[PDB]
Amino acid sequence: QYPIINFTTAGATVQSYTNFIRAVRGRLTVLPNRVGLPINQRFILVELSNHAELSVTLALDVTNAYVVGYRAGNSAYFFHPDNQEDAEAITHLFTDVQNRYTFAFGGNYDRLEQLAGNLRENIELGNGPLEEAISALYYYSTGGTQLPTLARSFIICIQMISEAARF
């Protein structure tokens, strides 16, 4: 029911990345954000894959392109939403997942930087970091990834996808 866009870091080029961000940007809403909108057109799904054969699905808000949460295998993780409407809305994402978590924090930079123990500007971006970020997000579902590395991997995703589509 939600639009899915694919991207892989395996054999990734400047073109494939640019086309990917173009595809994401082409789904962002431009009409004045109404309230009580159809739930089916509130979110876009970004299915990320890497060399390591791992795969995760990010959930992006159509209004601002920001990550509201993600799916890794049979588990789903959401940032704490800001309001009741957003809270109710995210209960319609990844609804058949058995393991379901809402973090005790929102997905904003100040918080993610505090968690990663570093600032945005110092966090190396690129295809190589996004490779590692995708694994880190995946292996979080199996207890492998620690919270600072997770928080760091979110920043890489948000900057390379959300920020990249936003301008």
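Note that residue numbering begins at 1 and tracks the sequence as displayed.
Remark: stretch with higher mean C-alpha B factor among 150-158 and 19-27 is 19-27.
Annotation for 5-13 versus 139-147: the higher mean temperature factor (C-alpha) is found in 5-13. Which of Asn40, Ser55, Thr102, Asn64 has the largest Cα B-factor in the deposited entry comes down to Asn40. For the set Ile134, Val46, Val68, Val35, the PDB entry assigns the largest Cα B-factor to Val35.
Ranked by Cα temperature factor within the chain, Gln84 sits in the highest third according to the deposited record. In the deposited entry, the Cα temperature factor of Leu125 places it in the middle third of its chain's modelled residues.
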